[PDB]
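In: Give me the fold of what follows.
(chains A and B)
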There are 2 protein chains.
Amino acid sequence: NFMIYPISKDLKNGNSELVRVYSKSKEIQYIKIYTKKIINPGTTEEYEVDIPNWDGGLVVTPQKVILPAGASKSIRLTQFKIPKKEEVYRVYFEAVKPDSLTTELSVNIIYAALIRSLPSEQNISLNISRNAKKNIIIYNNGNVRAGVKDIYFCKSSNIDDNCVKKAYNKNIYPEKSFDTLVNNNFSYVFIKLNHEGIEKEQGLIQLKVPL
Amino acid sequence: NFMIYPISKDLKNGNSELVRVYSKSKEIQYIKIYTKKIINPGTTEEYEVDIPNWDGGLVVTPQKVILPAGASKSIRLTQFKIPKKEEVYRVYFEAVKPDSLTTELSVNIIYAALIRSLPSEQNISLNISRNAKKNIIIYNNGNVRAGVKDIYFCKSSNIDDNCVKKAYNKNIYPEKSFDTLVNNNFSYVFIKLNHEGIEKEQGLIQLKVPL
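Out: Residues are numbered from 1 along each chain as shown, chains lettered A, B, ... in the order given. Sure, the structure comes next:
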């Protein structure tokens, strides 16, 4: 058995970060590390693609770890080129047999760290639109993901108890859209954003264009 | 999270057996089940091949399970044809997303049950041979695996404290060979077999042919 930490990392400015591997067993273990970029993150059409550890936009090294009893080891993460907009990868960690059974359990635990490759000058920015049913839609026009916690739909430009508060703990990635599922005739919206990496940036009011 | 039991099953006489799935989480889970036959089991050249669940020599059903909070479910195992000699499969159980993320951990635990497809009239039988260096070699001439716990190498036909006892907890599958790594000039060997499925069958003496 083994463990990884942290379980997610932000990389920025070409600064390298570690995801570490902690031995949790009396045996020595052999861990393989491989990486997938996430296409269309946070959406319906999300999928993962295999990328080599040493030639992509994210350098992950080493790709094999020999993990002695009680030891800790590190995998280093480095942006190769800094992206204009945030990109996400999952780095997988998988124990294998050394390259070189009725009685006991077979168990294969594979851990993944979610890795965010961030742009250098971060810009959270959201746009509002309406559907076939006005059914208001949020569009990420910025260069990083927007973690939306709740949205306040108001009939006025003032936040208050009249507004209906729907909780949406959804991350919206750059150039992606979110279906709020609300087609009613509000005038303004207030997006409540999750806080990431020392950003505070609490309140966003966007005017909902009339239908 | 979820759990499986038992972790290994013997199937015999066309009698169906269960490997069960136990929900260990507050969420509902979707489990996929797929099967691999093990080629050259217990040896250097061991590898696994994908087999369909419903057309091989081992029928595994269902291949998808919807696992509600706190529930238990079953996968049924049935030999389609009974083999002349033991064959082994691994049945894998893997939670997936329903067919129809910085903050929280990504963890993919895949469990496997080792499944032995056994012949109807079981016959444990071993043969002895010598190497380039006499280096005595055990050959499984029977129709089931031989679980060898220890071997007593004697210079006489009598078991006793003169004999050197080497512990070998190795399963030797039918038509396969084991390298004892002992080239010294003994006369007899006594194989200590593990006990499987109500077999007792404790002591096997094979005469070591002179070099």
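In: If you count neighbours, what's buried in the host helix or strand of residue A:36?
Out: Element membership of residue A:36 [criterion: DSSP states H and E] is strand A:29-39. Across strand A:29-39, burial judged by 16 or more other Cβ atoms under 10 Å in any protein chain shown covers A:29, A:31, A:33-38. The C-beta positions use only the backbone N, C-alpha and C, and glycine is treated the same way.
In: Looking at those, which is nearest chain B?
Out: residue A:38 (9.2 Å; Cβ to the nearest Cβ).
In: for that closest one, what are its contacts?
Out: If you count contacts by Cβ atoms under 8 Å, 6 or more residues apart in numbering or on different chains, residue A:38 has them with A:46-48, A:88-90.
In: same question, residue A:53
Out: Residue A:53 makes contact with A:33-35, A:59-61, A:63 under the criterion Cβ under 8 Å, 6+ apart.
In: Out of those residues, which is nearest to residue A:203?
Out: residue A:35 (36.3 Å; Cβ to Cβ).
In: Is it correct that that closest one is in contact with residue A:57?
Out: No: the pair residue A:35 and residue A:57 fails to qualify as a contact (Cβ atoms under 8 Å) at a distance of 10.2 Å.
In: before we move on, the earlier item: now a PyMOL select for only the buried ones of the contacts of residue A:38.
Out: Per 16+ other Cβ under 10 Å, the buried members of the contacts of residue A:38 correspond to this PyMOL selection:
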select buried, chain A and resi 48+88+89+90
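In: could the contacts of residue A:38 be laid out in CSV, adding secondary structure?
Out: As requested, the contacts of residue A:38 are exported to CSV (DSSP: H, G, I helix; E, B strand; the rest coil):
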residue, secondary structure
A:46, coil
A:47, strand
A:48, strand
A:88, strand
A:89, strand
A:90, strand
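In: domain parsing for chain A?
Out: Following curated CATH domains, chain A resolves into domains at A:1-118, A:124-211.
In: and the helix or strand encompassing residue A:21, which residues are buried?
Out: Assigned by DSSP H and E, residue A:21 belongs to strand A:17-23. Within strand A:17-23, the residues that qualify as buried by neighbour count (16+ other Cβ under 10 Å) are A:17, A:19, A:21, A:23.
In: Also stretch A:126-136?
Out: Using 16+ other Cβ under 10 Å as the test for burial, stretch A:126-136 gives A:126, A:128, A:134, A:136.
In: residues touching residue A:202, list them.
Out: A:192-193, A:195.
In: Tell me the buried residues within those residues.
Out: Members of these classed as buried by 16+ other Cβ under 10 Å are A:192-193.
In: Among the contacts of residue A:202, which one sits closest to residue B:69?
Out: Residue B:69 lies nearest to residue A:192 out of the contacts of residue A:202, by Cβ to Cβ, at 29.7 Å.
In: Okay, and the beta partners of the closest one?
Out: residue A:150, residue A:203 (DSSP bridges).
In: before we move on, what about residue A:90?
Out: Listed beta-bridge partners, residue A:90: residue A:36, residue A:114 (assigned using DSSP bridges).
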